[PDB]
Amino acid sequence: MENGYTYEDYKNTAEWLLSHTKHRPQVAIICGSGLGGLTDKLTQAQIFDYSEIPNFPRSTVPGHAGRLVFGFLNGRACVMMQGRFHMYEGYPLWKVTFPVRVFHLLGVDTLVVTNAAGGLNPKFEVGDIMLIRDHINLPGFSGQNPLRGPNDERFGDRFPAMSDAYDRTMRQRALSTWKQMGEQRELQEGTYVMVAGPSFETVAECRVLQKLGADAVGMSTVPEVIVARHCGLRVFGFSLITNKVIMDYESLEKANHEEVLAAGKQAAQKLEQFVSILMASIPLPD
């Protein structure tokens, strides 16, 4: 197998965007789940549907793939993805992560990634926000790693390290912002495990993931982080705990998408505020 994209392809997509907007972003934000509305806070906003952009992964109905929104968020020149690609949809990881390498060639230096996740840590509660300190890449252990294939030194090394993936400094700076918001619940912090999905975990599977030392489980993010780190980006991310994974056989409740989207809706304002203030804490370049 190999990444279907040549270096020329990524460059071509970046050149195209560079020619169609005067915006020059520094921060890329992948808006996870129930956080799409964050583009409503950008100023000077210029929207591009993924369907218009050369080389972007395609959805059957071209528009449901989503859009890149360039603008300014609380001082920072941003590009936000509203709509992301998941491997459970059938995309190979070199398509899932194609935009990350584009952001880099646009001059982005920081990637913020967010998602919704199921809570594995028994102390977490629906609505909780968990900052991501580390991840467990289960698909990557098996060969599903976005860097599989010939390496291009123009982006990075053959064997990049991931032990420092999540910027220590901005997890610190985010603990600050949280007190400034004056919040009842404390800001959670922990390990995110990626599983492919799309079906939800069984009880026995949830117990496995808890014993691996994971705090939250979702179906995305890890690959983007790996590709970000590989090309030099600073990374910060968090998960909204939208549900507490079922851990025992007596329970008569089940994980469901409606309940995940509901939690998304509730935590919407909190999240957009949270991310907007944090922009000020991202270092300026140079």
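Numbering starts at 1 and runs along the sequence shown. What we label the rigid core is the largest C-alpha set whose atoms superpose within 1.5 Å from one form to the other.
Could you check whether 89 to 97 or 170 to 178 drifts more from the shown form in 4 other deposited structures of this protein, using RMS Cα distance once the core is superposed?
Of the two stretches, the larger average C-alpha offset in 4 other deposited structures of this protein falls on 170 to 178.
I'd like to know which segment deviates more from the shown structure in 4 other deposited structures of this protein: 25 to 33 or 62 to 70, using C-alpha RMS over all structures and residues after a core fit.
More C-alpha displacement in 4 other deposited structures of this protein shows up in 62 to 70.
If you take the mean CA temperature factor per stretch, which one wins between 42 to 50 and 219 to 227?
Mean B over CA atoms: larger for 42 to 50.
Please work out which of 88 to 96 and 74 to 82 has the higher mean CA B-factor as recorded in the PDB entry.
Higher mean C-alpha B-factor in the PDB entry: 74 to 82.
So if I compare the CA B-factors in the entry for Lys179, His135, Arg158, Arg148, which one is the largest?
Checking the PDB record, the top C-alpha B-factor among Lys179, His135, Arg158, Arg148 is at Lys179.
Please pick out which of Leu240, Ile30, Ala65, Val69 has the largest Cα B-factor as recorded in the entry.
It is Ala65.
Lowest, middle or highest third: where is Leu233 by C-alpha B factor in its chain?
Tercile = middle for this residue's CA B-factor.
Would the CA B-factor of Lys123 place it in the lowest, middle or highest third of its chain?
For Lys123, the deposited C-alpha B-factor lands in the highest third.
Using the temperature factors of the C-alpha atoms in this entry, rank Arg168 within its chain: lowest, middle or highest third.
As the PDB entry reports it, the C-alpha B-factor of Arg168 lands in the highest third of its chain.
Ranking every modelled residue in this chain by its Cα temperature factor as given in the entry, which third contains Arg101?
As the PDB entry reports it, the C-alpha B-factor of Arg101 lands in the lowest third of its chain.
Could you say whether, by C-alpha temperature factor, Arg207 belongs to the lowest, middle or highest third of its chain?
CA B-factor rank for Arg207: lowest third.
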